[PDB]
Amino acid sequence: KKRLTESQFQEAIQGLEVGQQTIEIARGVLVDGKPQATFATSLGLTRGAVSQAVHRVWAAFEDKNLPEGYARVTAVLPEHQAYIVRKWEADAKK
């Protein structure tokens, strides 16, 4: 169970193109710790829809909290360079 403080939630949704329903679901789950099931029930949504709603806000938070100084990069690379990049990632993981 991923959780956010209100401060972290405010950061997550600042500038985010997100509707009121998604905000309410995400706050209830991530900030208040309520089950996603409660919103699926009350809003007449599939479990997958509620899962995606929480994920949209979580993903936004993650994008604003990358390690200090780090950049996301995407590139088409030859085999040996692609290997090096994946190994930088793998070694950073563990």
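Whichever C-alpha set is largest while still superposing within 1.5 Å between the two forms counts as the rigid core. From 1 onward, residues are counted along the sequence shown.
Inset, instruction - Between 18-26 and 73-81, report the one with more C-alpha displacement in 4 other deposited structures of this protein relative to this form after a rigid core superposition. - result: Stretch with the larger root mean square C-alpha distance in 4 other deposited structures of this protein: 73-81.
Legend entry - Stretch departing more from the displayed form, 62-70 or 35-43, Cα RMS in 4 other deposited structures of this protein (core fit): With the rigid core fitted, 62-70 is the stretch that strays more in 4 other deposited structures of this protein.
Inset, instruction - Quick one: say whether 71-79 or 21-29 has the higher mean Cα B-factor in the deposited entry. - result: Averaging CA B-factors over each stretch, the winner is 71-79.
Legend entry - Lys64 CA temperature factor, ranked by third within the chain: Ranked within chain, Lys64 CA B lands in the highest tercile.
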